[PDB]
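As you go down the protein sequences, you meet chains AT, AK, AQ, BN and AH in turn.
Residue numbers for the first sequence follow the deposited numbering, so the first one is 1 and each next one is one higher.
Residue numbers for the second sequence follow the deposited numbering, so the first one is 19 and each next one is one higher.
Residue numbers for the third sequence follow the deposited numbering, so the first one is 3 and each next one is one higher.
Residue numbers for the fourth sequence follow the deposited numbering, so the first one is 3 and each next one is one higher.
Residue numbers for the fifth sequence follow the deposited numbering, so the first one is 1 and each next one is one higher.
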Amino acid sequence: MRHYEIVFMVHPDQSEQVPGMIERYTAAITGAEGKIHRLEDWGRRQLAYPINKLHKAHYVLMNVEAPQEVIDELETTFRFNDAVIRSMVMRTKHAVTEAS
Amino acid sequence: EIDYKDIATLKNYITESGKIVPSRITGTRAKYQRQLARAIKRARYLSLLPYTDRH
Amino acid sequence: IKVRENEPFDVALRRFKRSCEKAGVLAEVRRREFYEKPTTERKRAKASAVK
Amino acid sequence: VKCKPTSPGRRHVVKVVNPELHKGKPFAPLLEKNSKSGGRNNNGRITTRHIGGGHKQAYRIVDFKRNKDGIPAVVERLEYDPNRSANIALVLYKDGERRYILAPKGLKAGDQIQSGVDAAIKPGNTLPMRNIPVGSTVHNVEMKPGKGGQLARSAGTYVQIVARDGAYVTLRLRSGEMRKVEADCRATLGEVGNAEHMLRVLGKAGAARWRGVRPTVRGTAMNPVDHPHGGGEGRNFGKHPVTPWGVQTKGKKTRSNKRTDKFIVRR
Amino acid sequence: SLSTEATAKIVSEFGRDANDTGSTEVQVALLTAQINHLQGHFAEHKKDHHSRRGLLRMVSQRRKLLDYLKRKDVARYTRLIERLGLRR
RNA sequence: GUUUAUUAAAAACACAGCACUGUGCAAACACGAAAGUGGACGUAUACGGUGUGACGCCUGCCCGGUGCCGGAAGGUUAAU
RNA sequence: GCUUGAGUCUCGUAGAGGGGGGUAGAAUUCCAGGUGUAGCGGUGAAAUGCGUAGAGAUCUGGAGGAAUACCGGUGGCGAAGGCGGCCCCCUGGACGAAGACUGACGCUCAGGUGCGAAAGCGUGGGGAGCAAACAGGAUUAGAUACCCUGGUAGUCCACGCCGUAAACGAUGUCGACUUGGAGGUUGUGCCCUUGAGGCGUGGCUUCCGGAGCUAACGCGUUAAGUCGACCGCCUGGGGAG
RNA sequence: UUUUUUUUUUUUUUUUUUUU
């Protein structure tokens, strides 16, 4: 129930696969009774540093009322996704119900 | 300043040396000051505060 | 640290990067670093400068 | 051998400190499925493998391939192998069958032992590496794609997967990190079973080496009738090589089938 | 750290009349039960010196508390060890 | 100890660890003219070089010569 | 019988966390092929290598080695040592509190119990970049040498006999000490919260105030001026560790 | 907080008594 704050970064152009992939990642959270403050499409943003050779990602940001019980099964299903550039997590000091 | 929304309005508190300014200019209250110190941190690592010119 | 000059007579508009990220980054390293002893020296320096 | 369960040697009240004090892994009878090896060196005729001593070879554990992957199983008991130092288990396949599988340090409960193409991932019978994740531990590895495993022991020998290496052509081991064997070969997991049986000497001598073989003990030394030295007088003291074939560094190969070794850093 | 299905019975069966919920016999019965509770999950986490102290702590005070009740009130002390033992 | 029965009776030394070494593997060895039988029902912590000299430390040091081989910047000068 | 020394529950809280888990990123080696004609390092002055078998470099494509750079402080924790990225679990110490319930269950310690900077023993190894040793060309009154390219160990350490030195109020246990005010700081009660903190208050730290005390630098109440429970250590030169 | 322009130059015997 740690009010996690988690970003990840797919390949910039797979815009038809990211919505079927967004259903498929909330899946873990919902299958655990965890609840979602926000789930932001960030978009096709360009990069700070030279990673993955398309010069952009497509990001997501979300805020989850969920337990430690899923954070590795997310760190797993990001790190085994051959098309995911980077991902990170932050926790607590309340949620963020309002967008960026 | 506890959270992200007002720190997107407060991007003037950044030096031409690209970092978060020493407050002598205006002297902020140590409570109001310490709140912004954590909201800067979370914004720095997500990159909603894009740290300096190139990034 | 990426500076445009323009109609290039060589303008020297590149001056202002001396502010920190070009230069003041070397107060540790020179061939070699200082290594031993600079770390309270950092606040030793303040009791030299009060005027 | 900092590890546990270790079994550390005895207080000196007998001639023996070693052997290995491992209670709880010899057993009898030799169960129904067993076989043996036979005669002595007997090559037809004049045997090149020196010293022999060939009595009690004797018996071996019979299960090679182990290719039943998909059908789940459980752990009955675990044993030992006097031919390899190997930690092997007796495995009951929930279909109706009993089998002998090569194991890590204490794999019991009787756990969930299964494999299958992308379907499973646990320490599993034999299992294809282009369908599971990346680590140090892998174990069985068909010495080439359908022939049979490379390692019949869990003696410590980590083979180490690399992720996407020149398109599936993987591993990173000891003496040739350019094996380039494709990940279409079969794993099982994993390489430390009983390090305790091998990482330390069992004796000086022991049952392991004098009840049914003689090891090597000389070549050069005594009776000049076999090796390139020499006169007499206790002396030795010349240049005397392992002739016509060599010793201390040269290499031996130039051409073979498959031949996959490429860069070779050696030393 | 035990269940309220346990605290709420400890209370009843080692209290006197009213509000004994924190007195020397109800304190022994809560320490005793909590020490024994902890024995049933201590086999996990495997490096756990960071928690084993405050357990050592409570089960050293359990001994001290008892030897203190002896010196103060012998005929409470006896009755209490006739039910729970803990004499170690 | 019983191991060179045949000068010695061991005052011989068979332990056994290991840095290094031969095999990324139709492996090293080829005995038989065709074996693939030792090793193998097995992988470079399996088996062999040359040894080791309880155990435990300790291997300082120093590359002239001379070995061990490896290589190619380059000449001595070949079947090609 | 009490002052409540002492605890447990209960309610709250924030960082460079005791020990297992995960891992965000400069440089720059050497190679696979893209190129440019010859000179890169290095110094008191340059060297042994290298260069019509093209001195680096610098893109493009690969293979290895796993520093913590910094919201970073004009600082924060901590018994010391001792990390700095943030974090999963076990969750040191806290320690700010309405209360609740028992009544000194209390202080402080020798031989001991643990921890234990430098270092040996390690058993198998993880084997970047620097630099004692290692290797040399050099500057040579002998260099037995500093360079300067090459250079390990030290980087840390699963596990563990670790005494131990430089961890000096040159110094432990502390209770009253109530002329005090002056800062650095920090949890915080009260204000039309008009405020750059005004009326306040405990803590963690320092500034430097009498009567005394008193060599000369002055130290000036928690501090050496009174006053106390010892677990010590204190046997003078050279005998010595 | 980079501070190697050479390293070394034998012994003595200097001393105008004392109580204040």
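Using N, Cα and C, we set each Cβ at its ideal position, and we do this for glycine too.
My output table needs one value for residue i: the three-state DSSP class, helix, strand or coil.
i         : result
BN/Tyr95  : strand
AT/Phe8   : strand
AT/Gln46  : strand
BN/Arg257 : coil
AQ/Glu35  : strand
BN/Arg42  : coil
BN/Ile115 : coil
AQ/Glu9   : coil
BN/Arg155 : coil
BN/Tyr82  : coil
BN/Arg237 : coil
BN/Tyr61  : strand
BN/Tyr102 : strand
AH/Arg88  : coil
AQ/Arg46  : helix
Give the interface partners of residue i over in chain AK, defined as CB-CB distance under 9 Å, in chain order.
i        : result
AQ/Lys48 : Those within 9 Å of AQ/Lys48 in chain AK number zero; the least Cβ separation is about 14 Å.
AQ/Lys4  : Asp71, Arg72
AT/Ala48 : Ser65, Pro68, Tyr69, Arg72, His73
Which one of the options has the shortest CA to CA distance from residue i?
i         : options                                   : result
AT/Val84  : AT/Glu5, AT/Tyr4, AT/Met9, AT/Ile36       : AT/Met9
BN/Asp120 : BN/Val219, BN/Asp186, BN/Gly205, BN/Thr49 : BN/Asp186
BN/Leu92  : BN/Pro106, BN/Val76, BN/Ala154            : BN/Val76
AH/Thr32  : AH/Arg71, AH/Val11, AH/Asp73, AH/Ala75    : AH/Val11
BN/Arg86  : BN/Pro246, BN/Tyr170, BN/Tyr61, BN/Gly108 : BN/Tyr61
AT/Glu5   : AT/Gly31, AT/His37, AT/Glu23, AT/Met21    : AT/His37
AK/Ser65  : AT/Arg2, AT/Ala27, AT/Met88, AT/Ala95     : AT/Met88
BN/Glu78  : BN/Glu99, BN/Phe66, BN/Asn69              : BN/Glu99
AH/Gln61  : AH/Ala8, AH/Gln27, AH/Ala6, AH/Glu5       : AH/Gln27
BN/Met224 : BN/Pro147, BN/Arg47, BN/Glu235, BN/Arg188 : BN/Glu235
AH/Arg83  : AH/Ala8, AH/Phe14, AH/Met58               : AH/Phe14
BN/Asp263 : BN/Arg269, BN/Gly178, BN/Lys252           : BN/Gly178
AT/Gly31  : AT/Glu65, AT/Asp82, AT/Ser100, AT/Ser15   : AT/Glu65
BN/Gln162 : BN/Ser39, BN/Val3, BN/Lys182              : BN/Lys182
BN/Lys96  : BN/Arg132, BN/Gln114, BN/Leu80            : BN/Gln114
AH/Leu86  : AH/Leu2, AH/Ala75, AH/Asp20, AH/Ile35     : AH/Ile35
Quick one: list the residues of chain AT neighbouring residue i, beta-carbon separation under 7 Å, in chain order.
i        : result
AK/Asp21 : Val96
AK/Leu64 : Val7
Could you work out which residues of chain AT lie near residue i, taking near to mean beta carbons separated by less than 9 Å?
i        : result
AK/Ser35 : Here the premise fails: no neighbours, minimum Cβ distance about 18 Å.
Using the rule of at least 16 other Cβ atoms within 10 Å of the residue's Cβ for burial, across every protein chain shown, is residue i buried or exposed?
i         : result
AT/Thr92  : exposed
BN/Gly151 : buried
BN/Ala30  : exposed
BN/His242 : exposed
AH/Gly40  : exposed
AQ/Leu28  : exposed
AT/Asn63  : buried
AT/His58  : buried
AT/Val60  : buried
AK/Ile25  : buried
AT/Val96  : buried
BN/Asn127 : buried
AT/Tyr49  : exposed
AT/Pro12  : buried
AH/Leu66  : buried
Strictly below 7 Å CB to CB, what residues from chain AQ border residue i?
i        : result
AK/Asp24 : Within 7 Å Cβ-Cβ: nothing; AK/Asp24 doesn't reach chain AQ, min ~27 Å.
Determine the chain AK residues that contact residue i at a beta-carbon separation under 7 Å, and present them in chain order.
i       : result
AT/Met1 : Going along chain AK, no residue has its Cβ under 7 Å from AT/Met1, so there is no contact; the nearest lies around 19 Å.
Note down, in chain order, every chain AT residue with its Cβ under 8 Å from the Cβ of residue i.
i        : result
AK/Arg60 : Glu5, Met90
Would you mind telling me which residues of chain AK sit closer than 8 Å to residue i, beta carbon to beta carbon, in chain order?
i        : result
AT/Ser15 : The contacting residues do not exist; AT/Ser15 stays about 22 Å from chain AK at best.
Segments assigned alpha helix (DSSP H), at least 4 residues, entirely inside the stretch 48–81 of chain AT: 68–79
Within the stretch 1–27 of chain AH, ranges of the alpha helix (DSSP H) (whole runs, at least 4 residues): 4–14
In chain order, each beta strand (DSSP E) run of at least 3 residues that lies wholly inside the stretch 192–239 of chain BN: None, since the stretch 192–239 of chain BN contains no complete beta strand (DSSP E) of that length.
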